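Residue indices begin at 1 and follow the sequence shown.
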Amino acid sequence: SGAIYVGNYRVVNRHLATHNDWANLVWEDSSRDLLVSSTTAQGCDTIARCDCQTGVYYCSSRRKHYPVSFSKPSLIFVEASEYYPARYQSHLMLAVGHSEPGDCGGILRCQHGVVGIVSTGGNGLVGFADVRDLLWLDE
Ligand SMILES: CC(=O)Nc1cccc(NC(N)=O)c1
Ligand SMILES: [Zn+2]
């Protein structure tokens, strides 16, 4: 699990969004595994605005932060999970590293702030849903 808090926005894995997230929907994209809901409290996180391909992600299944190199956001085929059928996920970045389902929502960061959240994994790969293109999160 894990969320991003910026302005009056909460960014979560679409597959982990609660009834409260859906009752306060700002935007959702099923192909990206992302959902943003409205909050009453002011978020403390900064979204990276950059095209960095190196960073550090939190891996709850190892209680550790790992430094990774990752691909630029793209359309990648993603095998079946407990939450989606096999399909193409958009705006997805891959790194070589450890990921398990409950690692979803772990934050990837560079010097410029939050890059994205863990969304896919297995076969020694971790996939992160990019949030850097969602410029409207900042105002
Ligand atoms: C370990 C494996 O094969 N599945 C895996 C790994 C990381 C994240 C997800 N994502 C998801 N279940 O939505 C799935
Ligand atoms: Zn950056």
Side-chain angles (χ1 to χ4, degrees):
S1 66
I4 313 164
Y5 299 96
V6 51
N8 287 292
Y9 295 124
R10 174 175 134 94
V11 193
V12 289
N13 289 91
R14 191 185 182 275
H15 68 98
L16 298 182
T18 70
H19 297 293
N20 288 133
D21 290 322
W22 276 98
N24 295 292
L25 182 58
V26 177
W27 168 84
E28 58 80 22
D29 187 327
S30 182
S31 74
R32 296 170 71 144
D33 188 30
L34 284 187
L35 187 143
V36 175
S37 56
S38 57
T39 75
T40 48
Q42 256 285 310
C44 271
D45 301 318
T46 312
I47 314 300
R49 304 293 179 202
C50 72
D51 76 329
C52 291
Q53 272 187 86
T54 74
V56 177
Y57 83 101
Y58 183 64
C59 180
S60 76
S61 75
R62 302 269 180 278
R63 286 168 189 138
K64 269 188 275 279
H65 298 272
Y66 297 107
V68 282
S69 289
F70 55 87
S71 69
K72 295 180 173 193
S74 60
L75 194 68
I76 310 281
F77 196 78
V78 176
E79 294 308 327
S81 69
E82 224 185 339
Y83 294 102
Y84 296 108
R87 55 79 154 100
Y88 288 92
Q89 187 159 322
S90 63
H91 299 265
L92 189 64
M93 301 172 290
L94 302 181
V96 174
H98 187 59
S99 190
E100 295 173 36
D103 285 326
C104 285
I107 295 167
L108 173 67
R109 29 187 116 234
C110 58
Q111 57 258 52
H112 306 103
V114 176
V115 173
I117 53 165
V118 175
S119 176
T120 74
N123 296 20
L125 303 173
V126 42
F128 311 86
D130 178 60
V131 301
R132 296 177 288 185
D133 61 326
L134 304 172
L135 305 192
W136 52 264
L137 287 171
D138 286 343
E139 78 276 35

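The two residues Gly97 and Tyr57 come nearest to each other via the heavy atoms C-OH, 3.7 Å. When all heavy atoms of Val26 and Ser38 are compared, the closest pair comes out as CG2-N, 3.6 Å. Taking every heavy atom of both residues into account, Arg10 and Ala3 meet most closely at NH1-CB, 3.5 Å. Minimum heavy-atom separation, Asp33 to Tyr84: OD1-OH, 2.6 Å. The shortest heavy-atom contact between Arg132 and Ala48 is CG-O, 3.2 Å. Of all non-hydrogen atoms in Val36 and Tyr9, the two that sit nearest each other are CG1-CD2, 3.7 Å.
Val131 is connected to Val6 through a chain of hydrophobic side-chain contacts under 4.5 Å among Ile, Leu, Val, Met, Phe, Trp and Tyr, so both are in one cluster. Tracing side-chain contacts under 4.5 Å through hydrophobic residues (I, L, V, M, F, W, Y), one reaches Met93 starting from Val68; they form part of the same cluster. When hydrophobic clusters are built by joining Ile, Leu, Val, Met, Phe, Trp and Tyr residues whose side-chain heavy atoms come closer than 4.5 Å, directly or via intermediates, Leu16 is not grouped with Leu35.
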- Task: Please test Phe128 against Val115 for side chain to side chain contact (heavy atoms under 4.5 Å, CB included), starting from the C-alpha separation and ending with a verdict.
- Result: CA-CA 9 Å; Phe128 311 86; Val115 173; over 6 Å; no
- Message: Does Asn24 form a side chain to side chain donor-acceptor pair (under 3.5 Å) with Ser37? I'd like the steps, not just the answer.
- Response: CA-CA 5 Å; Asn24 295 292; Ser37 56; over 6 Å; no
- What do the steps show when you test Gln42 against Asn8 for side chain to side chain contact (heavy atoms under 4.5 Å, CB included), and what is the final call? CA-CA 5 Å; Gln42 256 285 310; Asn8 287 292; 3.4 Å; yes
- Item | CA sep, side-chain torsions, deciding dist, call: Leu134, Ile47, side chain to side chain contact (heavy atoms under 4.5 Å, CB included) | CA-CA 9 Å; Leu134 304 172; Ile47 314 300; over 6 Å; no
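Side-chain contact between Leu34 and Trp27: present, with at least one pair of heavy atoms (C-beta onward) separated by less than 4.5 Å. Looking at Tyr58 and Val118, their side chains never come closer than 4.5 Å, going by heavy atoms from C-beta outward. Side-chain contact between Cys52 and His112 is present, with at least one heavy-atom pair separated by less than 4.5 Å.
A search for salt bridge (charged side-chain N to carboxylate O under 4.0 Å, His left out) contacts involving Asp138 returns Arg49, not counting sequence neighbours. Every residue two or more places apart in sequence or in another chain that forms a side chain to side chain contact (heavy atoms under 4.5 Å, CB included) with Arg109 is listed here: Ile107, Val114. Taking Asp45 as the reference, nothing meets the salt bridge (charged side-chain N to carboxylate O under 4.0 Å, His left out) condition, with sequence neighbours excluded. With sequence neighbours left out, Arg87 forms a salt bridge (charged side-chain N to carboxylate O under 4.0 Å, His left out) with no residue at all. Shown here are the side chain to side chain contact (heavy atoms under 4.5 Å, CB included) partners of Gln53, two or more places apart in sequence or in another chain: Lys72. Applying the side chain to side chain donor-acceptor pair (under 3.5 Å) test to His65 and every residue at least two apart in sequence or in another chain returns nothing.
Interatomic distance, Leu108 CG to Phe70 CZ, rounded to the nearest 0.5 Å: 4.5 Å. The OG atom of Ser119 sits 12.0 Å away from atom CD1 of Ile76, with the distance rounded to the nearest 0.5 Å. To the nearest 0.5 Å, atoms OG (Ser90) and CG (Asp130) are separated by 10.0 Å. Going from atom CG of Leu94 over to atom OG of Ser69 covers 12.5 Å, rounded to the nearest 0.5 Å. Here the straight-line distance linking atom CG of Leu75 with atom NE2 of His91 works out to 8.5 Å at 0.5 Å rounding. In this structure, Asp103 CG and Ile117 CD1 are separated by 12.5 Å, a value rounded to the nearest 0.5 Å.
Relative ring orientation between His15 and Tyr83 is described as tilted, the plane-to-plane angle lying within the 30° to 60° band.
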